[PDB]
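Participant: Got an experimental structure here, sequence first:
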Amino acid sequence: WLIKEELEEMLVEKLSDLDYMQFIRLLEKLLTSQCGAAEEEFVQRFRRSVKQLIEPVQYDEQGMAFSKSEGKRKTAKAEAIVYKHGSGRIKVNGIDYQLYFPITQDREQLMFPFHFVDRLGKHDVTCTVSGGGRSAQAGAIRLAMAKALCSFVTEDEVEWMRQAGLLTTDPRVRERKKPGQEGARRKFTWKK
Amino acid sequence: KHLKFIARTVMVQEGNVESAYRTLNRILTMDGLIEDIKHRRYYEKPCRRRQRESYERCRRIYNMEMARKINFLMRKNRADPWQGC
């Protein structure tokens, strides 16, 4: 159902909350009364509507079939290229992933997308990442790899990855420090 | 001077002594004997007794009138037949 503001805009008038509730209850009674199309269109006048796009497969000079995508996390931006056929090799900035990511947590984060759809060792990945720290770069590469791999898994697997959070871009970024307080939220020591 | 075990006597039924005691207590309450027993512990002065009796009569009349009014108006409490108008 449209909100009270939408109803007021439609009727170019001002209505109270109780009037809106009365009208909504009347509309619900109309819907539950096995109303025909002549009334279903009337209902749809007051109805308001509430999937991830996938990049297409491309081809390179070498003849391999691949997809390319990108992602970001905090202040790090990464671009990933995933080939349809590979051997699990991932090279970040021209460096092998186990050398560019000595931390095991980052390597686990990189493994997470392919492991979720059960495709470890079935692809080859080349990533270019810039900015942020080790974990931000790992997260950006993870998001880019998942977005690119969406071009090779089935739609059901795409929906499963979306439900697993592999495709949502993490909006959590550093909050700015404000004047009069130590940090983003840390106030100064309240004297007495 | 009266015969014993006739007044305020309740026979127990299949040994439910608790139930028999509750029945006897209810009988005493309904007959007002408990009220008299507890109010005769201390002397209630006649003016206080008259005030209490008048207040009790007024409260009973008011409660009966309120209950009758609520019962009479309860019929209107049905579902709204003219919803939207």
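Facilitator: In hand now; what should we look at? Numbering: from 1, shown residues only, chains lettered A, B, ... in the order given.
Participant: so which residue of chain A comes closest to chain B?
Facilitator: For chain A and chain B, the shortest gap (CB to the nearest CB) falls at residue A:26, measuring 4.6 Å. Quick note: C-beta positions are derived from backbone N, CA and C, even for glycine.
Participant: Who are the contact partners of that residue?
Facilitator: B:83-84 (CB atoms under 8 Å, 6 or more residues apart in numbering or on different chains).
Participant: Between the two ends of stretch A:10-17, how far is it?
Facilitator: Across its full length, stretch A:10-17 reaches 16 Å end to end, with CA to CA, to the nearest Å as the criterion.
Participant: ok so, going back, relative to residue B:78, how far out is the residue of chain A closest to chain B?
Facilitator: Taking CB to CB, to the nearest Å as the measure, residue A:26 falls 19 Å from residue B:78.
Participant: same thing with residue A:191?
Facilitator: Taking CB to CB as the measure, residue A:191 falls 65 Å from residue B:78.
Participant: Out of the two, name the residue with the larger neighbour count.
Facilitator: With other CB atoms under 10 Å in any protein chain shown as the criterion, residue A:191 and residue B:78 differ in neighbour count, and residue B:78 comes out ahead with 7 against 4.
Participant: which residues are in contact with stretch B:2-22?
Facilitator: Residues lying outside stretch B:2-22 but in contact with it, judged by CB under 8 Å, 6+ apart, are B:23-24, B:27-28, B:33.
Participant: wait, which of the residues you listed is closest to residue A:40?
Facilitator: Among those, residue B:23 lies closest to residue A:40 (CB to CB), at 64.8 Å.
Participant: Contact partners for that closest one?
Facilitator: Each residue near residue B:23 by CB under 8 Å, 6+ apart is listed here: residue B:10.
Participant: which element follows the helix or strand in which the residue of chain A closest to chain B is found toward the C-terminus?
Facilitator: Following DSSP states H and E, the helix or strand that holds residue A:26 is helix A:17-32. Using DSSP H and E, the helix or strand that follows helix A:17-32 towards the C-terminus is helix A:37-45.
Participant: quick one: that following helix near chain B?
Facilitator: No - counting by CB under 8 Å from any CB of the partner chain, chain B is not contacted by helix A:37-45; separation bottoms out at 13.8 Å.
Participant: send the alpha carbons of that helix over as CSV?
Facilitator: Extracted as CSV, the C-alpha positions of helix A:37-45 are listed here (Å, rounded to 0.1, in the frame of the first residue of the first chain):
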residue,chain,number,x,y,z
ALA,A,37,-10.5,-6.7,-12.6
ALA,A,38,-12.5,-3.5,-12.6
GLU,A,39,-11.7,-3.2,-8.9
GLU,A,40,-8.3,-4.9,-9.1
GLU,A,41,-7.1,-2.0,-11.4
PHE,A,42,-8.5,0.4,-8.8
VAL,A,43,-6.5,-1.3,-6.1
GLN,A,44,-3.3,-1.3,-8.3
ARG,A,45,-3.7,2.4,-8.6
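Participant: which residues are in contact with that helix?
Facilitator: Contacting residues not belonging to helix A:37-45 are listed as A:27, A:30-31, A:35 [CB under 8 Å, 6+ apart].
Participant: Now the buried members of those residues.
Facilitator: Burial by neighbour count, judged by 16 or more other CB atoms under 10 Å in any protein chain shown, picks out A:27, A:30 from the contacts of helix A:37-45.
Participant: Tabulate the contacts of helix A:37-45 (TSV), appending distance to residue A:70.
Facilitator: Rendered in TSV, the data for those read as follows (distance: CB to CB, whole Å):
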residue	distance to residue A:70
A:27	45
A:30	48
A:31	45
A:35	48
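Participant: how long is stretch A:6-16 end to end?
Facilitator: Across stretch A:6-16, the terminal residues are separated by 13 Å (CA to CA).
Participant: Check stretch A:107-127 too.
Facilitator: End-to-end distance of stretch A:107-127 (CA to CA): 14 Å.
Participant: With stretch A:111-127 instead?
Facilitator: 14 Å.
Participant: hmm, who's touching it?
Facilitator: The set of residues that contact stretch A:111-127 without belonging to it, under CB under 8 Å, 6+ apart, is A:78-93, A:141-142, A:144-146, A:148-149, A:152-153, A:157, A:160-161, A:164, A:166.
Participant: Also stretch A:58-70?
Facilitator: Defining contact as CB under 8 Å, 6+ apart, one finds that stretch A:58-70 is touched by A:55-57, A:77-85, A:144-145, A:147-152.
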